[PDB]
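Here's the structure, in structure tokens; my notes come after.
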2 protein chains.
Amino acid sequence: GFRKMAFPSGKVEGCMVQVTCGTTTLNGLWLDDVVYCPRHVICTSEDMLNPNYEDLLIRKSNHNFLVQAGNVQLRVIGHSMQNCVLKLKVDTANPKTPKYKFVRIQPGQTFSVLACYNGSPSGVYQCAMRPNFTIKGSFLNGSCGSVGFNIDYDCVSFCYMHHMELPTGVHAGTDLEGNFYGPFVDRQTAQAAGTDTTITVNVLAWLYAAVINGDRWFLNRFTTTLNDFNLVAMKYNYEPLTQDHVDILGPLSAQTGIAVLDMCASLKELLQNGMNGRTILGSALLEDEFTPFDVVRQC
Amino acid sequence: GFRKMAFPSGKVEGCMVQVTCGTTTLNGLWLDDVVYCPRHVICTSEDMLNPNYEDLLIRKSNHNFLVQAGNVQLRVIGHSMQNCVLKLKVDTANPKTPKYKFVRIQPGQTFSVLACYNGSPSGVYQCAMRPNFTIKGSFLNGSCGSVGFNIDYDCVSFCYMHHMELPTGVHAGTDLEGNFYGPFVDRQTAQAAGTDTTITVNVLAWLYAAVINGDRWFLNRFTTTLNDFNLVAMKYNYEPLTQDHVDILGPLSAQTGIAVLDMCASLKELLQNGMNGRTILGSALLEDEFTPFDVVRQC
Ligand SMILES: [Zn+2]
Ligand SMILES: [Zn+2]
Ligand SMILES: [Zn+2]
Ligand SMILES: [Zn+2]
């Protein structure tokens, strides 16, 4: 069978802490002797309208930051602002610190989010960095500081920290060095996401998953070319397909005996004719939040 | 926002072990001094055509069972068959054993699956016990023994262990005492799932989630009665709605200001008119794998 699957979240659960500074409380990421959290923990609600973060951070010293792991306080002994994240140096290294790296991921790639509330993990789900650098997530109040990650079996690649819901109801945040994905700033003002487009190479990987799992009704007797496939992609706001994308689809092509362009042709007719009320892998729409790697691990 | 969300899987990752007995290797659940796994670990491929499990298990002693946690062997010192599960008593209690209970869940309830391969957690996803007591999962070879669970913040309720893919491609397994959900037996023969029906109370909870999250186009100016709502339910293979279901939807009703029957009326027109190509919460079909409790925790 085939489902949207997150990585196991244990190695990250042991890294989540609660951070308070004033009445504002959000989640933090404790790795070695550093806790990472979004800087707007130092902001009141009024502050968020137009924050001068350097100035706000000057009125704050170490003892203003309340870092808690379960029922234990960690003594802050140094604070820094790296872009939009606060680095709270503390006295004790996290004993549960896995091997980890910080990676900025690319639009179209997927990661797992450990959704947290006041330092407590509440749930885990898989999601994708939309092309317009937003994510469609699930972030209640106090979920700020929740991190996105991938696990390549030994170490945790941290790639996301949640900072904001935007007026569209969609989600924005940073890498773990504090740089926003996309044009967003951690301020409570109007901010456009811009047009979001379907992750074409992912959609194709899904169809390949479908074929592997027995759903192959959408298979056609036509074929197509890449440029003419892309002429329909632009029409239906799909990312243009490249030869790289064709190569990544290679192993799925080599398993299904279905050439990439032949799949591009069936995708073409689904886009120009719709899906007629039928489903692929139990979805009535074209699914773009599985990378070719995601599909491969499930097959 | 709103996504299908699994529980944090750390407390379960530390319980997964690998079990071998012959060339057959699957996953096990190590809690206190007991490892639990599906009994057909004692079966060859030939055995599975018509296994006499008591007889097969007699030819097996303790030293035939290879129980491994990462790179450590656990000495088996007693073996039992409880229904369709093997209870491998071992010498060392699992140090990471959380507080846990074994619960048999009810059709329509949801749980998280920690999908594993040879004792290693590979991913986690949320799913529902379909009314016909199957689950639509993601189970590669060697995923047998993977467990389903809920976490009620302190203890892990284990409710599922995967035993079988059926000829439909759908999934069947047992509670942790070894009793199949549904009419299925751990034998490689033809086995019908029977007609699967939509989990009506869940679908309604989803619409309530949708309303809360801003999608409310499906709201109508009609209303309806419960029996006439159910007269359309039977037509579209939906579980009949009861007063209990209405009560569970209560808090969502009290939050949305939308009476349950008014929602049942909008559901009625979606079932008899379809969804016209639009989406609710980004789905082009009616979603039934969120309980009212699932929706409530996300709101
Ligand atoms: Zn925030
Ligand atoms: Zn690594
Ligand atoms: Zn098996
Ligand atoms: Zn409990």
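In the structure tokens, chains take the letters A, B, ... in the order shown, each chain's residues start at 1, and ligands count up from 1 in the order shown.
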
Taking only C-alpha atoms and all ligand atoms and a cut-off of 7 Å, can you tell me which residues surround ligand 3, written as a PyMOL selection string?
chain B and resi 26+40-41+142+144+163-164

Restricting the output to N, CA and C atoms, write the selected residues as a PDB file, in the first residue's frame.
```pdb
ATOM      1  N   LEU B  26      10.971 -10.973  10.967  1.00  0.00           N
ATOM      2  CA  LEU B  26      10.035  -9.866  11.109  1.00  0.00           C
ATOM      3  C   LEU B  26      10.312  -9.093  12.403  1.00  0.00           C
ATOM      4  N   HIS B  40       3.463 -16.350  12.725  1.00  0.00           N
ATOM      5  CA  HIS B  40       3.910 -16.969  11.484  1.00  0.00           C
ATOM      6  C   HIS B  40       5.317 -16.686  11.183  1.00  0.00           C
ATOM      7  N   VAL B  41       6.058 -16.144  12.149  1.00  0.00           N
ATOM      8  CA  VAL B  41       7.509 -16.134  12.043  1.00  0.00           C
ATOM      9  C   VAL B  41       8.064 -17.557  12.041  1.00  0.00           C
ATOM     10  N   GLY B 142       8.627  -7.873   5.237  1.00  0.00           N
ATOM     11  CA  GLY B 142       9.318  -7.676   6.493  1.00  0.00           C
ATOM     12  C   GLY B 142       8.781  -6.551   7.343  1.00  0.00           C
ATOM     13  N   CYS B 144       5.873  -6.997   8.716  1.00  0.00           N
ATOM     14  CA  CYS B 144       5.125  -7.758   9.705  1.00  0.00           C
ATOM     15  C   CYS B 144       5.681  -7.525  11.102  1.00  0.00           C
ATOM     16  N   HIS B 163      -0.194  -8.352  10.455  1.00  0.00           N
ATOM     17  CA  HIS B 163       0.064  -9.750  10.099  1.00  0.00           C
ATOM     18  C   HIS B 163       0.005 -10.070   8.618  1.00  0.00           C
ATOM     19  N   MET B 164      -0.699  -9.304   7.802  1.00  0.00           N
ATOM     20  CA  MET B 164      -1.049  -9.847   6.501  1.00  0.00           C
ATOM     21  C   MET B 164      -1.409  -8.756   5.515  1.00  0.00           C
TER      22      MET B 164
END
```

Find the residues around segment 4-16 of chain A up to 7 Å (only C-alpha atoms counted), leave out those fewer than 4 positions away in its own chain, and share them as a short mmCIF file (atom, residue, chain, number, x, y, z; two decimals) with N, CA, C and O atoms, in the first residue's frame.
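Below is the file that was written, selection10.cif:
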```
data_model
loop_
_atom_site.label_atom_id
_atom_site.label_comp_id
_atom_site.auth_asym_id
_atom_site.auth_seq_id
_atom_site.Cartn_x
_atom_site.Cartn_y
_atom_site.Cartn_z
N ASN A 27 8.44 26.80 21.42
CA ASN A 27 9.28 25.62 21.44
C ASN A 27 10.73 25.95 21.07
O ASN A 27 11.01 26.92 20.37
N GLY A 28 11.66 25.13 21.56
CA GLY A 28 13.05 25.31 21.21
C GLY A 28 13.69 23.97 20.90
O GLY A 28 13.16 22.91 21.22
N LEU A 29 14.87 24.05 20.28
CA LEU A 29 15.62 22.87 19.83
C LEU A 29 16.97 22.86 20.53
O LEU A 29 17.85 23.67 20.23
N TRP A 30 17.12 21.93 21.45
CA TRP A 30 18.29 21.83 22.32
C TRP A 30 19.24 20.81 21.70
O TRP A 30 18.95 19.61 21.68
N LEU A 31 20.36 21.28 21.16
CA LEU A 31 21.40 20.42 20.62
C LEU A 31 22.74 20.87 21.16
O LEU A 31 23.09 22.06 21.04
N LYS A 96 20.73 13.57 25.00
CA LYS A 96 20.07 12.86 23.92
C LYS A 96 20.41 13.42 22.54
O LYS A 96 19.81 12.99 21.56
N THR A 97 21.35 14.36 22.44
CA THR A 97 21.70 14.95 21.16
C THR A 97 22.11 13.87 20.16
O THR A 97 23.14 13.20 20.36
N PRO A 98 21.34 13.66 19.09
CA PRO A 98 21.78 12.74 18.04
C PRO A 98 22.86 13.42 17.22
O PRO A 98 23.12 14.62 17.35
N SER A 112 9.80 15.92 7.47
CA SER A 112 8.86 15.66 8.55
C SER A 112 8.86 16.80 9.57
O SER A 112 9.93 17.33 9.91
N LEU A 114 7.79 17.81 13.47
CA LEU A 114 7.36 17.38 14.79
C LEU A 114 6.64 18.58 15.40
O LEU A 114 7.27 19.52 15.89
N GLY A 119 6.96 23.02 24.29
CA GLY A 119 8.02 22.04 24.47
C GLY A 119 7.58 20.59 24.46
O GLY A 119 8.42 19.70 24.66
N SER A 120 6.31 20.31 24.24
CA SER A 120 5.87 18.93 24.23
C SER A 120 5.53 18.49 22.81
O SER A 120 4.74 19.17 22.13
N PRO A 121 6.10 17.39 22.32
CA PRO A 121 5.68 16.88 21.01
C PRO A 121 4.24 16.41 21.05
O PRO A 121 3.86 15.61 21.90
N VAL A 124 3.31 14.22 14.49
CA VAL A 124 4.28 14.25 13.40
C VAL A 124 3.56 14.02 12.08
O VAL A 124 2.60 13.24 12.01
N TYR A 125 3.99 14.76 11.05
CA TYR A 125 3.42 14.63 9.71
C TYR A 125 4.45 15.04 8.66
O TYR A 125 5.34 15.84 8.92
N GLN A 126 4.28 14.50 7.46
CA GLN A 126 5.16 14.76 6.33
C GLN A 126 4.64 15.94 5.52
O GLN A 126 3.43 16.09 5.32
N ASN A 150 14.79 15.68 8.18
CA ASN A 150 14.91 14.39 7.54
C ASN A 150 15.92 13.54 8.29
O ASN A 150 16.83 14.06 8.94
N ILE A 151 15.75 12.23 8.20
CA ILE A 151 16.64 11.27 8.83
C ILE A 151 17.18 10.35 7.74
O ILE A 151 16.40 9.64 7.09
N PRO B 8 3.73 11.13 18.24
CA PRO B 8 5.19 10.99 18.32
C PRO B 8 5.55 9.55 18.61
O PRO B 8 4.95 8.89 19.46
N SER B 9 6.53 9.04 17.87
CA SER B 9 6.82 7.61 17.84
C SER B 9 8.03 7.21 18.69
O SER B 9 8.38 6.02 18.70
N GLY B 10 8.65 8.14 19.41
CA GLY B 10 9.82 7.79 20.22
C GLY B 10 9.56 6.68 21.22
O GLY B 10 10.32 5.72 21.31
N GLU B 13 9.68 3.52 19.26
CA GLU B 13 10.95 3.15 18.61
C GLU B 13 11.82 2.31 19.53
O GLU B 13 12.41 1.31 19.10
N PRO B 121 12.75 1.06 12.85
CA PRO B 121 11.67 1.97 12.44
C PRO B 121 12.04 2.71 11.17
O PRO B 121 13.10 3.33 11.10
N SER B 122 11.17 2.64 10.15
CA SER B 122 11.38 3.43 8.94
C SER B 122 10.42 4.61 8.77
O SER B 122 10.76 5.55 8.05
N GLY B 123 9.25 4.59 9.38
CA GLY B 123 8.35 5.70 9.17
C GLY B 123 7.13 5.54 10.04
O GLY B 123 6.91 4.48 10.63
N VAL B 124 6.36 6.62 10.12
CA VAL B 124 5.15 6.65 10.94
C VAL B 124 4.04 7.35 10.16
O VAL B 124 4.30 8.31 9.42
N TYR B 125 2.82 6.82 10.28
CA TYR B 125 1.65 7.40 9.61
C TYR B 125 0.39 7.05 10.39
O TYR B 125 0.32 6.03 11.08
#
```

Could you please write out, as JSON, numbers by chain, every residue of segment 212-248 of chain A that DSSP assigns to alpha helix (DSSP H)?
{"A": [212, 226, 227, 228, 229, 230, 231, 232, 233, 234, 235, 243, 244, 245, 246, 247, 248]}

File of the preceding selection, C-alpha atoms, as a CSV table (one decimal), in the first residue's frame:
```
chain,number,residue,atom,x,y,z
A,212,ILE,CA,3.6,-0.1,-8.9
A,226,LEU,CA,9.4,17.2,-23.1
A,227,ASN,CA,8.9,20.7,-24.5
A,228,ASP,CA,5.3,20.0,-25.5
A,229,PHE,CA,4.7,18.3,-22.1
A,230,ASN,CA,6.1,21.5,-20.6
A,231,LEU,CA,3.8,23.6,-22.8
A,232,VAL,CA,0.9,22.1,-20.9
A,233,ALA,CA,2.7,22.4,-17.6
A,234,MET,CA,2.9,26.2,-17.7
A,235,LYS,CA,-0.8,26.2,-18.6
A,243,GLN,CA,16.3,16.2,-17.7
A,244,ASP,CA,17.4,15.9,-14.1
A,245,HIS,CA,13.8,15.2,-13.1
A,246,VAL,CA,13.8,12.6,-15.9
A,247,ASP,CA,17.0,11.0,-14.5
A,248,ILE,CA,15.7,11.0,-10.9
```

Quick one: residues within 10 Å of residue 49 of chain A, only C-alpha atoms, excluding same-chain residues fewer than 2 positions away - as a compact mmCIF listing (two decimals) with C-alpha atoms, in the first residue's frame?
```txt
# COMPACT_ATOMS: atom_id res chain seq x y z
CA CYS A 43 8.27 40.13 21.27
CA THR A 44 5.05 41.17 22.93
CA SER A 45 1.94 41.14 20.70
CA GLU A 46 2.35 44.92 20.18
CA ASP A 47 6.00 44.40 19.28
CA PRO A 51 9.70 44.89 15.66
CA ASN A 52 13.23 46.30 15.79
CA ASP A 186 9.02 37.68 11.01
CA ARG A 187 6.72 40.68 11.30
CA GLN A 188 2.89 40.89 11.57
CA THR A 189 2.21 42.67 8.28
```

Can you tell me how far atom CA of residue 128 of chain A sits from atom CA of residue 259 of chain A, in Å to one decimal?
25.7 Å

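Comparing A:62, A:223, A:200, A:18 by their smallest distance to residue 109 of chain A, the closest is A:200 (using only C-alpha atoms).
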
Which neighbours of segment 155-159 of chain B fall inside 9 Å, counting only C-alpha atoms, when residues of the same chain fewer than 4 positions from it are skipped, and could you give them as a ChimeraX atom specification?
/B:11-12,98-105,111,147-151,174-176

Preceding selection exported with N, CA and C atoms as a PDB file, in the first residue's frame:
```pdb
ATOM      1  N   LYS B  11       8.481   6.797  21.998  1.00  0.00           N
ATOM      2  CA  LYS B  11       8.281   5.782  23.023  1.00  0.00           C
ATOM      3  C   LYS B  11       8.126   4.392  22.426  1.00  0.00           C
ATOM      4  N   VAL B  12       7.730   4.299  21.157  1.00  0.00           N
ATOM      5  CA  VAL B  12       7.610   2.999  20.516  1.00  0.00           C
ATOM      6  C   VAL B  12       8.906   2.575  19.810  1.00  0.00           C
ATOM      7  N   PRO B  98       7.963   2.081  28.108  1.00  0.00           N
ATOM      8  CA  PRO B  98       7.079   3.110  28.648  1.00  0.00           C
ATOM      9  C   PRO B  98       5.969   2.441  29.427  1.00  0.00           C
ATOM     10  N   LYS B  99       5.233   3.265  30.154  1.00  0.00           N
ATOM     11  CA  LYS B  99       3.906   2.855  30.575  1.00  0.00           C
ATOM     12  C   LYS B  99       3.082   2.530  29.335  1.00  0.00           C
ATOM     13  N   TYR B 100       2.470   1.353  29.310  1.00  0.00           N
ATOM     14  CA  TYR B 100       1.693   0.953  28.147  1.00  0.00           C
ATOM     15  C   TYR B 100       0.467   0.169  28.589  1.00  0.00           C
ATOM     16  N   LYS B 101      -0.542   0.141  27.721  1.00  0.00           N
ATOM     17  CA  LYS B 101      -1.651  -0.791  27.842  1.00  0.00           C
ATOM     18  C   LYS B 101      -1.903  -1.413  26.473  1.00  0.00           C
ATOM     19  N   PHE B 102      -2.510  -2.601  26.470  1.00  0.00           N
ATOM     20  CA  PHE B 102      -3.005  -3.239  25.258  1.00  0.00           C
ATOM     21  C   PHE B 102      -4.500  -2.985  25.187  1.00  0.00           C
ATOM     22  N   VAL B 103      -4.956  -2.367  24.102  1.00  0.00           N
ATOM     23  CA  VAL B 103      -6.372  -2.135  23.924  1.00  0.00           C
ATOM     24  C   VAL B 103      -6.766  -2.614  22.543  1.00  0.00           C
ATOM     25  N   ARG B 104      -7.891  -3.301  22.467  1.00  0.00           N
ATOM     26  CA  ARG B 104      -8.533  -3.591  21.201  1.00  0.00           C
ATOM     27  C   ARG B 104      -9.392  -2.386  20.858  1.00  0.00           C
ATOM     28  N   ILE B 105      -9.131  -1.755  19.706  1.00  0.00           N
ATOM     29  CA  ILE B 105      -9.889  -0.567  19.321  1.00  0.00           C
ATOM     30  C   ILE B 105     -11.105  -0.974  18.504  1.00  0.00           C
ATOM     31  N   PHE B 111      -5.391   5.216  14.731  1.00  0.00           N
ATOM     32  CA  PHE B 111      -4.183   4.961  15.494  1.00  0.00           C
ATOM     33  C   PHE B 111      -3.004   5.241  14.583  1.00  0.00           C
ATOM     34  N   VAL B 147       3.574  -2.228  14.818  1.00  0.00           N
ATOM     35  CA  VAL B 147       2.481  -2.071  15.761  1.00  0.00           C
ATOM     36  C   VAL B 147       1.785  -0.746  15.524  1.00  0.00           C
ATOM     37  N   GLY B 148       0.489  -0.735  15.819  1.00  0.00           N
ATOM     38  CA  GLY B 148      -0.291   0.482  15.862  1.00  0.00           C
ATOM     39  C   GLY B 148      -0.557   0.880  17.305  1.00  0.00           C
ATOM     40  N   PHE B 149      -0.642   2.179  17.538  1.00  0.00           N
ATOM     41  CA  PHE B 149      -0.711   2.639  18.910  1.00  0.00           C
ATOM     42  C   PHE B 149      -1.371   4.006  18.951  1.00  0.00           C
ATOM     43  N   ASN B 150      -1.903   4.325  20.131  1.00  0.00           N
ATOM     44  CA  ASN B 150      -2.262   5.676  20.499  1.00  0.00           C
ATOM     45  C   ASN B 150      -1.521   6.065  21.767  1.00  0.00           C
ATOM     46  N   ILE B 151      -1.289   7.364  21.920  1.00  0.00           N
ATOM     47  CA  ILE B 151      -0.622   7.919  23.086  1.00  0.00           C
ATOM     48  C   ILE B 151      -1.562   8.939  23.715  1.00  0.00           C
ATOM     49  N   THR B 174      -3.828  -8.058  14.094  1.00  0.00           N
ATOM     50  CA  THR B 174      -4.450  -8.394  15.361  1.00  0.00           C
ATOM     51  C   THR B 174      -4.251  -7.272  16.362  1.00  0.00           C
ATOM     52  N   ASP B 175      -4.986  -7.377  17.472  1.00  0.00           N
ATOM     53  CA  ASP B 175      -4.617  -6.663  18.688  1.00  0.00           C
ATOM     54  C   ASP B 175      -3.354  -7.299  19.263  1.00  0.00           C
ATOM     55  N   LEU B 176      -2.899  -6.814  20.411  1.00  0.00           N
ATOM     56  CA  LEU B 176      -1.657  -7.350  20.971  1.00  0.00           C
ATOM     57  C   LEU B 176      -1.879  -8.590  21.835  1.00  0.00           C
TER      58      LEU B 176
END
```

Just list the residues in segment 13-127 of chain B DSSP gives strand (DSSP E) on the backbone, as a PyMOL selection string.
chain B and resi 16-21+24-31+34-38+66-69+72-74+76-82+85-90+99-102+110-117+120-127

Could those residues be written to a file, using C-alpha atoms, as a tab-separated table (two decimals), in the first residue's frame?
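So the final result, stored in result-v1.tsv, reads:
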```tsv
chain	number	residue	atom	x	y	z
B	16	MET	CA	11.03	-2.48	18.30
B	17	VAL	CA	13.28	-5.53	17.89
B	18	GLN	CA	14.06	-7.97	15.11
B	19	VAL	CA	12.89	-11.57	15.40
B	20	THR	CA	14.25	-14.45	13.31
B	21	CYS	CA	13.32	-18.14	13.38
B	24	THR	CA	11.87	-15.80	8.19
B	25	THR	CA	12.56	-12.43	9.86
B	26	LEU	CA	10.03	-9.87	11.11
B	27	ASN	CA	9.60	-7.17	13.77
B	28	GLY	CA	8.83	-7.64	17.45
B	29	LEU	CA	7.61	-5.55	20.38
B	30	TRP	CA	9.79	-5.78	23.47
B	31	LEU	CA	7.96	-4.69	26.64
B	34	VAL	CA	8.43	-10.21	26.76
B	35	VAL	CA	8.85	-9.81	23.00
B	36	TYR	CA	5.64	-10.00	20.96
B	37	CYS	CA	5.62	-10.89	17.27
B	38	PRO	CA	3.28	-12.59	14.80
B	66	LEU	CA	16.75	-15.04	17.24
B	67	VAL	CA	15.65	-11.87	19.07
B	68	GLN	CA	17.83	-8.83	18.35
B	69	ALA	CA	17.72	-5.16	19.48
B	72	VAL	CA	22.31	-6.99	20.91
B	73	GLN	CA	20.90	-10.48	21.32
B	74	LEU	CA	18.31	-11.21	23.94
B	76	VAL	CA	14.85	-16.36	24.99
B	77	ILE	CA	13.96	-18.38	28.10
B	78	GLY	CA	10.31	-19.23	27.40
B	79	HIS	CA	7.89	-19.18	24.46
B	80	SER	CA	4.10	-19.18	24.34
B	81	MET	CA	1.43	-18.93	21.66
B	82	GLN	CA	-1.42	-16.57	22.57
B	85	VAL	CA	1.01	-13.86	18.54
B	86	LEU	CA	4.18	-15.42	19.92
B	87	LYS	CA	5.19	-14.31	23.45
B	88	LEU	CA	9.01	-14.68	23.64
B	89	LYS	CA	9.96	-14.37	27.32
B	90	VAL	CA	13.54	-13.10	27.61
B	99	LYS	CA	3.91	2.85	30.57
B	100	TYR	CA	1.69	0.95	28.15
B	101	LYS	CA	-1.65	-0.79	27.84
B	102	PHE	CA	-3.00	-3.24	25.26
B	110	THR	CA	-7.70	5.78	14.35
B	111	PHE	CA	-4.18	4.96	15.49
B	112	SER	CA	-0.58	5.54	14.47
B	113	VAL	CA	1.54	2.81	12.81
B	114	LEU	CA	5.30	2.68	13.27
B	115	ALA	CA	6.27	0.91	10.02
B	116	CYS	CA	9.41	-1.19	10.57
B	117	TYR	CA	11.82	-3.35	8.58
B	120	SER	CA	14.29	-0.82	12.45
B	121	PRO	CA	11.67	1.97	12.44
B	122	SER	CA	11.38	3.43	8.94
B	123	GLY	CA	8.35	5.70	9.17
B	124	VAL	CA	5.15	6.65	10.94
B	125	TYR	CA	1.65	7.40	9.61
B	126	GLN	CA	-1.91	7.75	10.90
B	127	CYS	CA	-4.65	5.37	9.84
```

Have a look at atom CA of residue 42 of chain B and atom CA of residue 56 of chain B and let me know their distance in Å, one decimal.
7.0 Å

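Atom CA of residue 206 of chain B is positioned 17.0 Å from atom CA of residue 242 of chain B.
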
Restricting to only C-alpha atoms and all ligand atoms, whichever of B:153, B:106, B:84, B:141 is closest to ligand 4 is B:153

All residues 12 Å or closer to residue 286 of chain A, only C-alpha atoms, same chain fewer than 5 positions away omitted, as a JSON list (two decimals) with N, CA and C atoms, in the first residue's frame:
```json
[["chain", "number", "residue", "atom", "x", "y", "z"],
["A", 198, "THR", "N", 2.53, 23.39, -9.07],
["A", 198, "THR", "CA", 2.60, 21.98, -8.71],
["A", 198, "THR", "C", 4.02, 21.45, -8.95],
["A", 199, "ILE", "N", 4.45, 20.55, -8.07],
["A", 199, "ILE", "CA", 5.79, 19.99, -8.14],
["A", 199, "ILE", "C", 5.78, 18.83, -9.12],
["A", 200, "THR", "N", 5.99, 19.15, -10.40],
["A", 200, "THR", "CA", 5.75, 18.20, -11.48],
["A", 200, "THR", "C", 6.49, 16.88, -11.28],
["A", 201, "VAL", "N", 7.78, 16.96, -10.94],
["A", 201, "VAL", "CA", 8.54, 15.72, -10.87],
["A", 201, "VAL", "C", 7.97, 14.82, -9.78],
["A", 202, "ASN", "N", 7.46, 15.44, -8.70],
["A", 202, "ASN", "CA", 6.82, 14.69, -7.63],
["A", 202, "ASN", "C", 5.54, 14.01, -8.12],
["A", 203, "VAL", "N", 4.67, 14.77, -8.79],
["A", 203, "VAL", "CA", 3.44, 14.17, -9.33],
["A", 203, "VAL", "C", 3.78, 12.94, -10.16],
["A", 204, "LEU", "N", 4.82, 13.02, -11.00],
["A", 204, "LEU", "CA", 5.17, 11.86, -11.82],
["A", 204, "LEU", "C", 5.60, 10.69, -10.95],
["A", 205, "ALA", "N", 6.32, 10.98, -9.86],
["A", 205, "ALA", "CA", 6.75, 9.90, -8.97],
["A", 205, "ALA", "C", 5.56, 9.21, -8.34],
["A", 206, "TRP", "N", 4.50, 9.97, -8.09],
["A", 206, "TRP", "CA", 3.29, 9.42, -7.51],
["A", 206, "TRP", "C", 2.60, 8.47, -8.48],
["A", 207, "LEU", "N", 2.45, 8.90, -9.74],
["A", 207, "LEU", "CA", 1.90, 8.03, -10.77],
["A", 207, "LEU", "C", 2.69, 6.73, -10.87],
["A", 210, "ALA", "N", 1.68, 4.73, -8.15],
["A", 210, "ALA", "CA", 0.37, 4.16, -8.47],
["A", 210, "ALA", "C", 0.50, 2.92, -9.35],
["A", 218, "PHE", "N", -4.93, 5.42, -15.67],
["A", 218, "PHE", "CA", -4.48, 6.63, -16.36],
["A", 218, "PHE", "C", -3.41, 6.35, -17.41],
["A", 236, "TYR", "N", -1.11, 24.77, -16.66],
["A", 236, "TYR", "CA", -1.71, 24.29, -15.42],
["A", 236, "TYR", "C", -0.84, 24.56, -14.19],
["A", 238, "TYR", "N", 2.34, 24.13, -13.40],
["A", 238, "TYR", "CA", 3.22, 23.03, -13.01],
["A", 238, "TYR", "C", 4.67, 23.43, -13.24],
["A", 267, "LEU", "N", 0.03, 12.08, -17.83],
["A", 267, "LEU", "CA", -0.18, 13.26, -17.00],
["A", 267, "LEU", "C", -0.84, 14.36, -17.81],
["A", 268, "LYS", "N", -0.35, 14.59, -19.04],
["A", 268, "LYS", "CA", -0.96, 15.57, -19.94],
["A", 268, "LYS", "C", -2.47, 15.37, -20.07],
["A", 270, "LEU", "N", -4.54, 13.72, -18.11],
["A", 270, "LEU", "CA", -5.21, 13.99, -16.84],
["A", 270, "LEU", "C", -5.35, 15.50, -16.60],
["A", 271, "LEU", "N", -4.34, 16.28, -16.97],
["A", 271, "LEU", "CA", -4.45, 17.72, -16.77],
["A", 271, "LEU", "C", -5.47, 18.35, -17.71],
["A", 274, "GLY", "N", -8.91, 16.25, -16.80],
["A", 274, "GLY", "CA", -9.37, 15.91, -15.47],
["A", 274, "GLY", "C", -9.29, 14.41, -15.21],
["A", 275, "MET", "N", -9.93, 14.00, -14.11],
["A", 275, "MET", "CA", -9.86, 12.62, -13.64],
["A", 275, "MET", "C", -11.22, 11.92, -13.64],
["A", 278, "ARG", "N", -12.71, 9.49, -11.03],
["A", 278, "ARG", "CA", -11.97, 8.36, -10.50],
["A", 278, "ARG", "C", -10.84, 8.86, -9.60],
["A", 279, "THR", "N", -10.18, 7.92, -8.96],
["A", 279, "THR", "CA", -9.10, 8.18, -8.02],
["A", 279, "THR", "C", -7.86, 7.43, -8.44],
["A", 280, "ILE", "N", -6.71, 8.00, -8.09],
["A", 280, "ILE", "CA", -5.42, 7.32, -8.16],
["A", 280, "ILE", "C", -4.88, 7.21, -6.74],
["A", 281, "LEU", "N", -4.47, 5.99, -6.35],
["A", 281, "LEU", "CA", -4.07, 5.72, -4.97],
["A", 281, "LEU", "C", -5.03, 6.36, -3.98],
["B", 282, "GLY", "N", -8.38, 20.88, 0.82],
["B", 282, "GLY", "CA", -7.44, 20.36, -0.14],
["B", 282, "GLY", "C", -7.65, 18.92, -0.54],
["B", 283, "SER", "N", -8.83, 18.35, -0.30],
["B", 283, "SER", "CA", -9.16, 17.01, -0.77],
["B", 283, "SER", "C", -10.36, 17.08, -1.70],
["B", 284, "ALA", "N", -10.28, 16.36, -2.81],
["B", 284, "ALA", "CA", -11.37, 16.28, -3.76],
["B", 284, "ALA", "C", -12.33, 15.16, -3.44]]
```

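Nearest residue to ligand 4, choosing from B:131, B:92, B:107, B:152 and counting only C-alpha atoms and all ligand atoms: B:152.
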
Please identify all polymer residues within 10 Å of residue 165 of chain B, counting only C-alpha atoms, omitting same-chain residues fewer than 2 positions from it, and present them as a VMD selection string.
(chain A and resid 1) or (chain B and resid 134 to 141 144 162 to 163 167 to 173 186 188)

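The smallest atom-to-atom distance between chain A and any of B:249, B:75, B:265, B:213, using only C-alpha atoms, is found for B:213.
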
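Of the listed residues (A:298, A:132, A:50, A:118), A:298 comes nearest to chain B; the distances count only C-alpha atoms.
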
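Among the candidates B:53, B:133, B:217, B:2, the residue lying nearest to chain A is B:2 (atoms considered: only C-alpha atoms).
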